[PDB]
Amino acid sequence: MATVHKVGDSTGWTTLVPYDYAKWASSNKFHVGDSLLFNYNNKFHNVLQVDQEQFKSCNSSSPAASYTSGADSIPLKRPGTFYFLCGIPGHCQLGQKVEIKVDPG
């Protein structure tokens, strides 16, 4: 049985207050088959999949994938590092971004 990981737990995907999404990620163990659930007010944020370089620079100008439901379920079908961030101007820079490590050795 796979696992659905709620990003930020009860806090969800937000910029309201500082939230260490890196620590949230490290408190979780991601396996192939699992999924991510991003809960947020879709009138304020979105979820964009980017690469390492874009993630580090909070570059949201050319995302690989985009989600805007406010309750996005995202599949983790292959091992590796995935990166997600909110593309609204200034949000990623305030910490709204998360690195997901799926089945590392």
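So that there is no doubt, residue numbering starts at 1 and follows the sequence shown.
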Which third, lowest, middle or highest, does the CA B-factor of residue 61 fall in along this chain? highest
Using the B-factors in the PDB entry, rank residue 4's C-alpha atom against the chain and give the third, lowest, middle or highest. highest
Which third of the chain does residue 85 land in by C-alpha B-factor: lowest, middle or highest? lowest
Classify residue 74 as lowest, middle or highest third according to the C-alpha B-factor given in the PDB entry, relative to its own chain. middle
Compared with the other modelled residues in the chain, in which third is the CA B-factor of residue 49? lowest
